[PDB]
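One protein chain, two forms: both are listed below as structure tokens, the first as structure 1 and the second as structure 2.
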Structure 1
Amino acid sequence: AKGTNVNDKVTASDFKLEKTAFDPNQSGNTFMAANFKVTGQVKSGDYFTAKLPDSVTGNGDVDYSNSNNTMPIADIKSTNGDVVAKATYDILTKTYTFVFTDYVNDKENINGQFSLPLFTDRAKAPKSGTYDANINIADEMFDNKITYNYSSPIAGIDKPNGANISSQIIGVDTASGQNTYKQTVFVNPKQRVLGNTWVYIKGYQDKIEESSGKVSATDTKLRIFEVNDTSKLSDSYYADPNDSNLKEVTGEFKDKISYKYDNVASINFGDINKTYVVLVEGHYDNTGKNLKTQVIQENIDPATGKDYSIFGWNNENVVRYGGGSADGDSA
């Protein structure tokens, strides 16, 4: 029974970010860690909170939309095993709520510590740069400066007509059992002149038997957006379908998409000129093995006819973990 907010009775101490700068596009993240003391006593149901700013998240590329935007967090326990608090995280409000167990009833003067992984907010920190990241714990603000150095999505063969494609898995549902994923593909970020262009989306890289991903007309939904100003796309791979910079052309690709070949989707872009965003809504099996994907783009020269080029891009994500402990007095 979630009851009373006792932020006024808890105080945080020794706050440090594990590191202040990283690359979210190369599995970069960090941790917030701190001690806390409960001046006074509490009981089963009392709770305290931590709150994340716009710049960061607490779930990262793991999606919890099909799970009521609530992600469970590892129990906070004593030395001798018993749970001292149950912890939860709200994605939408970026709120950590630690609610005490009955363990704390017959206890007094509770001290503890936690370590929680922090990731980027691809939507709200869409560009590489230095952001403000002031974390709140127990009605107390801790100022930090965070710095995201994204590996640019603008990548490809180094000829004026060379294939160039990038992608990123920015959402993965591991909790629901629905097993879904959201991936953003950047087709032609160099926006160079390309001829007879083809794009392939695989959910397996080199070995099918090694990536859980599944691509077919059933498990995969695709949306395609003509970009107006490539100068305004995110470095974080986040893409807003309702951005005016994007124009959905999905209705123009009816007879240009194929799921015939195993675990791959073909997209006949043809003679293109601009950058295109492809929103991918896919699924992965219950084989328990990892989700590994690959996007491949190939093209000729519009002016020549020869001058072939092909380019591949691998994706995979890593899981981090939270940790916490606490204790009081056995009387």
Structure 2
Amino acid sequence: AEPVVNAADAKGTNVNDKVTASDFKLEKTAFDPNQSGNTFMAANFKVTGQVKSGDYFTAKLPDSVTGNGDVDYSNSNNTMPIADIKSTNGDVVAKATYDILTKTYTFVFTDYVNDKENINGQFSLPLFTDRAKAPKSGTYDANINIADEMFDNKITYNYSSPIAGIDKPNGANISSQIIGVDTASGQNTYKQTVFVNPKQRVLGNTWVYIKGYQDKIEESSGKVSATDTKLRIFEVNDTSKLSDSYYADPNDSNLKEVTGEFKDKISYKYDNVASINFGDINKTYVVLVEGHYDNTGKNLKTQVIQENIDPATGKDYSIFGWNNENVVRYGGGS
């Protein structure tokens, strides 16, 4: 019924003891995740002695990073296929997979390895922030491990500040980030975080539009509707505790869900756009969007917008918009 386990894979025997990594290098130590910024890690590796088909070795990510970034594999067993290690002749030497939960790569050997000895090679992998564990702009410990060898590192995330808007006390202010996109399962879903009035200004007759396209509706795979979209809305207690990474957890104590108070305040009157009547609001809110994209293949392009006037004077009308873009593209399914 219950047995002890040490890993998340099926195969022969782990051979970290036979694999030594070397010349470990990050393409860079600083980038803006909020601008589709990322890095790659790359290393040489060698097998001392012999291994066989089904033996494997591993690499582990720290809290600061993910192997998958904004690509979601919930609908694929939280498992993200990786490109294979191939030989000059073209033959696959190892099959690669990344467990999202465990932030662990696994490389399994193919029958290639049987009749050979003292394999050497190198590989690179993309690396992205962990929006959840690296929520704020700053410098994190990024010590990566390979074949049981720790390669100490440090990454700096300069997240474009999600606190953006019209520079005036009455100013319209808003922003968003799509931090989650399922491109494998075929369900075509995404997660977008929207920060409303992150200046925590007092704004009247405030309207917010979440568009599933930007300029030209034809140019986006975005599908915003009653049927395609689910919205959750939270008042923010202390806007100071909002993440630069747009990661927001519904169960956060800093959030107070209010989506209920919005029952008849959300409209889909317009094609591919969700209109939200906030009205007079004097604080910051988070909208968690769970959305869908179409099979067109077009980039998922989005745009969030907020407008308002002075609640006391009804003058000083202000409008502010924020754009979002992601690649949903995939190859062949059947």
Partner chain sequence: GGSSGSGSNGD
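Take the two forms, superpose them, and find the largest set of C-alpha atoms that agree within 1.5 Å; that set is the rigid core. Quick note, the numbers are simply positions in structure 1, starting from 1. Only residues modelled in both forms are compared.
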item: Number of the structure representing the form deposited with its partner chain bound; value: 1
item: Rigid-core frame, C-alpha of residue 309, shift of 2 angstroms or more between structure 1 and structure 2; value: no
item: Per-residue C-alpha change between structure 1 and structure 2, residue 320, threshold 2 Å, rigid core fit; value: yes
item: Rigid-core-superposed Cα shift at residue 202 between structure 1 and structure 2, Å; value: 0.6
item: Runs in sequence order between structure 1 and structure 2, three or more residues long, with CA shifts of 2 Å or more on the rigid core; value: 317-325
